[PDB]
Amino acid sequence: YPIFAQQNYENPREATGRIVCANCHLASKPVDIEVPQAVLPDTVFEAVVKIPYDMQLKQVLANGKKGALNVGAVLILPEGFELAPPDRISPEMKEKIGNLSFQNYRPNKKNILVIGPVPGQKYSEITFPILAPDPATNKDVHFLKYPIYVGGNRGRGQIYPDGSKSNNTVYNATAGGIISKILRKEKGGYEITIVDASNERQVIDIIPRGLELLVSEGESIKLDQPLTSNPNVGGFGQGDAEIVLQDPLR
């Protein structure tokens, strides 16, 4: 979630340009961002973010059942740019945007906006209403080309803030060996007993409900080998753009 990033990372963009969601949302899926080529001072413009995915997809939910995907994004503007207040947004723009509640990444960070989780069904495309600053009013702003960066996600992540895996990821063998037993649990999930003859050790690998098993009793496996297919149907992607803060004189 955006909140996880907000809580654990001071800045959502790393020195390499990687956006922090990628630390937990491990698969890569496209994202696109559209903005005008140029914008005049103190005027509102739209930053249109696309986080596309096959709407027929159903993902494994926390409970082990399959369900719909939700989407979310973090938009990083230059200092001085902000979310447009309601009094500056046209009623048309208003309805184009929809019922979205944009938030500042942190109260002191007005140039970084987050949104989500919200249903992918409705928000595969999200319009951020942005208010351009004014070089005439702000000394740290100028008539320049400015970069804009976005990170957009669809689907449950693979790792929690505490570093533990979620059920939306692949489960790998914790020991190489031969599978001596596979216990199918009543409400789903399994217990896989592995005998690592080489190290003379027995280990039991637990599989969460909702994943598809790839192994059978009597099968030999290696350490780290996948015991399940990767259930993840979602993904995180990044995009960038450049906008000219145009001199009204030109």
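Numbers for residues come from their place in the sequence shown, where the first is 1.
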> Which wins on mean Cα temperature factor, 119-127 or 148-156?
Replying inline: 119-127
> Which has the higher mean CA temperature factor in the PDB entry, 228-236 or 5-13?
Replying inline: 5-13
>> Between 72, 107, 177, 163, which one tops the list for Cα B-factor in this entry?
In response: 107
> Which listed residue, 141, 113, 173, 132, has the largest C-alpha temperature factor in the record?
Replying inline: 141
>> Is residue 205 in the lowest, middle or highest third of its chain when residues are ranked by C-alpha B-factor?
In response: lowest
> According to the PDB entry, is the CA B factor of residue 28 in the bottom, middle or top third of its chain, that is, lowest, middle or highest?
Replying inline: highest
> Split the chain's modelled residues into thirds by Cα B-factor; is residue 218 in the lowest, middle or highest one?
Replying inline: lowest
> Split the chain's modelled residues into thirds by Cα B-factor; is residue 82 in the lowest, middle or highest one?
Replying inline: lowest
> What third of its chain, lowest, middle or highest, does the C-alpha temperature factor of residue 61 fall into?
Replying inline: lowest
